[PDB]
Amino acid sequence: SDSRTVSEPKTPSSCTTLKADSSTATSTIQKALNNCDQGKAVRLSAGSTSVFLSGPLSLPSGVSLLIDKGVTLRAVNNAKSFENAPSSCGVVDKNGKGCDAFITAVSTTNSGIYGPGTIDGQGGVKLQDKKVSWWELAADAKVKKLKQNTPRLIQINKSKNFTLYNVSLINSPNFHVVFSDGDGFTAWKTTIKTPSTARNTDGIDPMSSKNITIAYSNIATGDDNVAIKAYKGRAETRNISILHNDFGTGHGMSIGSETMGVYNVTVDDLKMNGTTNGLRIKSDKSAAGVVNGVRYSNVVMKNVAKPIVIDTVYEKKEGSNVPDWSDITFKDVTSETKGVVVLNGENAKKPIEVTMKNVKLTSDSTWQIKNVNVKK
């Protein structure tokens, strides 16, 4: 659980109010963000249109963005607009870091993004610049075994007490929300909706960060609904609360594949419908590390193919990293439809010990166990 006391966010008062028209809004919004009083927000309201069309924006420390009901902040469908180097974006190669995110918050304290407007990434729209859309680059990347360069919606780095509240995030070209190398992130009443077939669209991913709360939110996307990660040479990921949520399509409430120190994760009251994986802890030989103190409770799943997944050899990658996963508990977890539980502890020195209290799976469900002991 998050070590902070976290209560429902309050929306900041506006410093400036902008009205949408048919012109490109990037510099108009950036200028407003650059002269906004600490603790206030730039407010995006309707004008002649209700859509603010923009390229990359930077969110200053202590400043927030407020998007009105019915208003959309939409990412331009242009690869050159998001590049960080000549021709680095909207291509498939050995990079993967060729595009800036739509909204980036670097070294911020008390910054935030508020709705109930929408942020639309236009992931599935043909680019003005290329023959394909952002999502169409994944097939190519997968089949060619390389990396696509597409923009993330919200990228937060080295920040403190960032807030994401009462807002909708749709059609993200890449991951929707990333909170990296920081401390204090609260996502509350956050709605994420991206097609189940769109690859590389993780919902909310804390990366080597501490003190995270994801509550009263609704996440339906293509890849991981939530993916908790910790990287070698960076901070440990600790103290996380995932409470009172609803997950739709996606790859699950996951931890990994980068598991270099993930501690004290509390998941309670989670409704899942159609997610391909339910509760997951995954890694491989290239990024496995310590995962300790993970507790799942009051989880109800419907139409989830793999309700519980603990896999230490998810993909076959080279490396000598060994998973040291312990103190993992499941309590009051129900799966209403036929599915498979995968428990694989290959590459772990000793059998992974897991506790399952009142875990009810249908009678036609299968358990695939390898080097892991289940205590009841």
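Note that residue numbering begins at 1 and tracks the sequence as displayed.
Relative to its counterpart among 274-282 and 151-159, 274-282 has the higher mean temperature factor, C-alpha atoms as listed in the PDB entry. Per the PDB record, of the two stretches 209-217 and 75-83, 75-83 carries the greater mean B-factor over its C-alpha atoms. Out of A235, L243, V226, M301, the entry records its largest CA B-factor for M301. Taking only the listed residues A41, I328, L59, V51, the entry reports the highest CA temperature factor at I328.
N34: CA B factor in the middle third of modelled residues in this chain (values from the PDB entry).
Looking at the C-alpha B-factors along this chain, the one for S45 belongs to the middle third. When the modelled residues of the chain are ordered by C-alpha B-factor, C99 sits in the middle third. In this PDB entry, the Cα temperature factor of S257 sits in the middle third of its chain's modelled residues.
Remark: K189 belongs to the lowest third of its chain, ranked by C-alpha B-factor as recorded.
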